[PDB]
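Same protein, same chain, two forms; see structure 1 and structure 2 below, as structure tokens.
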Structure 1
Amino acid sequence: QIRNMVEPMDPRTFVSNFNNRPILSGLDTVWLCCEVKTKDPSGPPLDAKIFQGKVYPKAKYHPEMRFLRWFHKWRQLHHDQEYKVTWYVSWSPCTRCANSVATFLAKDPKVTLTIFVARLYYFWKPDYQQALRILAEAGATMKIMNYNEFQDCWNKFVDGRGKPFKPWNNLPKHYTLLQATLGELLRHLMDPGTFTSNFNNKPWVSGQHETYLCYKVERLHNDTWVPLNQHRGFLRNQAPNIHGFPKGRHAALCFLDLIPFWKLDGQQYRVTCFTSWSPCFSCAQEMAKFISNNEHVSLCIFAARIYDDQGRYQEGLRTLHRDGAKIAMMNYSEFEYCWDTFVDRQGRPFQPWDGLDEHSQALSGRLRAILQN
């Protein structure tokens, strides 16, 4: 078992180093817990290790490089076969480790690697974004640690003495910010079936209530709105879960959460979202509050369909429009733009669904009527 393959770390070492607050000073060591398995995930791993290394000053002693040196020797001592490796790392890799690991994976197709990260290190710096993309392109699967992964790491690698994992405050909030940020910098694209199913604007017939939201940012420069290529991406609502958001978190709120995290300066910005459902009353109230607090940020909301929340949704849309948000129903040009920009389309052009224009006209008339009452 893993407990006999590693010396489990002190619980305080784990809790302090794997806390997932995205902005965290004082944590000058990187920790890496790993499992080496066969192609078959069943059974215990072949081996498991804990590595650590100081962030500064020598990247050669970061735990990713210690892992590489260990793994080379270990493979010499065991009969060769394909390996699936999993890492739980407290900080995501620096540019040097990202490139070294990418080189290693690109030269060795017998090894595949999954990296779960507690926090993103310098996620806002383009050299780090680029190096994480290089690592992804070499085949590494990179994900943010969520509750299940912290619990698994606790059970396997920590001297918990039979006590269960206890989540810290704001674990889910931190997770959602980091997962959106990682999707941004890896340039994740939406599945085309997912897009077409969720943005079709005919009367909704599925029992599912889910909201997908694409977003982008423009900056005002010499009276012209210019693109800001950094903060562009998509997200969806978080369904309720007692270990996540117990009452869920709607897509509009996750979107709003991202804007302060971007640390926009004092210039004028226009933030646009393309959401498959118009916001419910709660979401519209929160967006109105945001507008009240961020004068330099102009909000533009394009919706595929109008969501009747069985409540005060019309009042929410009216309040948003009155407070200066642009609210409009998506037309052909917005659907095509989202297909071209946010969707994993693999060179294929946008193919409109039947009735797109007719549905857009009827929805736009309904939105006009709501805004005029």
Structure 2
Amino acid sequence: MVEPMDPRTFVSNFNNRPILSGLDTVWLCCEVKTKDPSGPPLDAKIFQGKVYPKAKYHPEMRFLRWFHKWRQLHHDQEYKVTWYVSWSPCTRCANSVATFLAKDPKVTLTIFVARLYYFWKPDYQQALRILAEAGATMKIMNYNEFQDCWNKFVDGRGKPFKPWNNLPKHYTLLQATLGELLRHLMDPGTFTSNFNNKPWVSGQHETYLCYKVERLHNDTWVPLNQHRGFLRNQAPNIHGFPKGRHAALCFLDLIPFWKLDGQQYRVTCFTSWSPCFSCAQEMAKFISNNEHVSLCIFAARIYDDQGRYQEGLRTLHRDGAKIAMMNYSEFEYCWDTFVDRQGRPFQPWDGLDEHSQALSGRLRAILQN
């Protein structure tokens, strides 16, 4: 029940390169469903509009007009709406959609965007935050979403979705950027489970890495209040990174995307695991070629990778990176800054300062040998 879009149209418009000129149109594919996700789609429509402001002709506004009509022809139940948009919404449309969502708790909306539109201009940032604040889930389109869009909205003729190169690289950059803009906070239980520095008797291997950037201004380190969030490692996926991507590598990918100048910058990261050998070798390689950027790496635990991890940590120290185990100081900072604590002060786990001292000694042992 969709007049599908040309496959040539989809490939050029849903290309998720974060910086991409020449696309003057916003494409919005949408579905309507019931409370039950398993059920079939009630309706589906495609909307297009030009980017520059005669803003009531953006596809977000056209959906609102169509949806009001469509609602008055259907019975009142709970509806789940999904958008695939080539560009994130403008400041005006975000308000108008936020307006809509408040007057209608029967409707919940999830927005998958391919690219972030003007993610560096603070107008469009508030547009996204206002939209999430009004209840809308806001995610970046990934392979599964691009393929699902190709299936339902594109005149593919049975031809399969074929991803472009650098699709996961772009998803990485855009997801972290959205996390920064929306100020995604870590779940408080998640932080405690992964940053407790007692010996790891558990089976879950995942790495969470918090990051912040400061600039040297006069003799003070001034926070770049725009570049701080957290990220975790990418599970292996044939439709993404086939061998996974460790959190240290995704963090290295972000730094060039920030477009930092030649000034003095200090990038601080708090990782639940010390890097393995290959990740530490890439980080050392980085500060090697960027001596205007210093790098402070605090780790909650030392990752024994059953390999050359001790050599990687030494390589990291010899090349200018600060390497230290997190003490109570850092654990409280991460709690207060990156966790969805909601007032609660930092509640230390048992043996924090003791495990912290023990790891600090073991880390020195690695570096002085």
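The first residue in the sequence of structure 1 is number 1, and each one after it adds one. The term rigid core refers to the most C-alpha atoms you can superpose between the two forms while keeping them within 1.5 Å.
**Student:** Pick out the one residue among 82, 191, 159, 210 whose C-alpha shifts by 2 Å or more between structures 1 and 2, once the rigid core is superposed.
**Tutor:** Comparing both forms, the shifted residue turns out to be 82.
**Student:** For residue 70, what C-alpha shift in Å is seen between structures 1 and 2 once the core is overlaid?
**Tutor:** Displacement of the alpha carbon, after core fit: 1.2 Å.
**Student:** Cα of residue 129: shift between structures 1 and 2 in Å, core-fitted?
**Tutor:** So the C-alpha of this residue moves 0.9 Å.
**Student:** After lining up the core, report the Cα displacement of residue 107 between structures 1 and 2 in Å, one decimal place.
**Tutor:** Here the C-alpha difference is 2.4 Å.
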